[PDB]
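Below you'll find only one chain, the form deposited in one PDB entry, shown as structure tokens.
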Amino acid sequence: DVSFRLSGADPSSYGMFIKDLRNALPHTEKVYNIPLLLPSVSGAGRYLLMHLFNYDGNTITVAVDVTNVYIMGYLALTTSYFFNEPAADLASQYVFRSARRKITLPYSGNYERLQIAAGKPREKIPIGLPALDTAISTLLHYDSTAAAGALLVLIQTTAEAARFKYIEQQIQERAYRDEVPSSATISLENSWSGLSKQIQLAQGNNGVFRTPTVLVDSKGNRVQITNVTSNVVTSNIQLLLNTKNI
């Protein structure tokens, strides 16, 4: 399991949690020196439990699919909650079985659907450690509309940060003051699958991508990534979604 406590949190303890999160995800190969997530894991071992603690010390446990870093659901006191999707329904067969009741959320977990539920795109939702503390607090009592925005915050500050070093740094910059994510941050989130695939295809194409990935950079500039020499590959991405899952 991994943990994170918002109480006394600072850019350092958060960095440590994101490092623990990455290290809990198993792999047997690296591709261009980036851990490659497994094609599949059977039964219970497919799911990592993140124990998160708000500023006052109340807690939820979030179940994470170790093969794609997708949040399946969470446990808040004696009630479990899972996205309305087959992958989550399957996870409910393994985690949080001892909850007194199980609620299916009225939405699945993808960004589009959560943004519909929440009533706004995530461009307009501040993120940061204080927002994570709010997220946690909200998920403590069922409210599907408020939960959608809380889950948007929670996915970005846990899974998207484990995936990209830049996004981890964005959150650390927002340790004591939330801010909406940069468009670069949005771009990386949206390109994770594409990048993971192009890095894997470069293995037999001499480090050249078969198809270029278009990103937005820090300065807000649109740019093409075409081979493994890019800073995105060499420094930024920390985890590759296996092409068997794309």
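Each residue number is its position in the shown sequence, starting from 1.
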Legend entry - Greater mean Cα temperature factor according to the PDB record, 182 to 190 or 214 to 222: 214 to 222
Legend entry - Stretch with the higher entry mean CA B-factor, where the candidates are 73 to 81 and 93 to 101: 93 to 101
Inset, instruction - Determine, from the deposited record, the chain-internal third of the Cα B-factor for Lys120: lowest, middle or highest. - result: highest
Inset, instruction - Could you tell me which third, lowest, middle or highest, the C-alpha B-factor of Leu241 occupies within its chain? - result: middle
Inset, instruction - Place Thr61 in the lowest, middle or highest third of its chain's C-alpha B-factors, as listed in the PDB entry. - result: lowest
Inset, instruction - Would you please rank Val232 by its C-alpha temperature factor against the other modelled residues of its chain and give the third it falls in: lowest, middle or highest? - result: middle
Legend entry - Relative C-alpha B-factor of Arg177, binned into the chain's lowest, middle or highest third: lowest
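Missing here is the form deposited with a partner chain bound; even so, the following discussion is about that form.
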Inset, instruction - Choose one stretch from 112 to 120, 162 to 170, 149 to 157, 94 to 102: the one whose residues place a heavy atom within 4.5 angstroms of the partner chain in the deposited bound form. - result: 162 to 170
Inset, instruction - Indicate whether the partner chain has at least one heavy atom within 4.5 Å of a heavy atom of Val232 in the deposited bound form. - result: yes
Inset, instruction - Decide whether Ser182 counts as a contact residue for the partner chain in the deposited bound form under a heavy atom distance cut-off of 4.5 Å. - result: yes
Legend entry - Contact test in the deposited bound form: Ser40 vs the partner chain, heavy atoms, 4.5 Å: no
Inset, instruction - Determine whether any heavy atom of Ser218 comes within 4.5 Å of a heavy atom of the partner chain in the deposited bound form, and answer yes or no. - result: yes
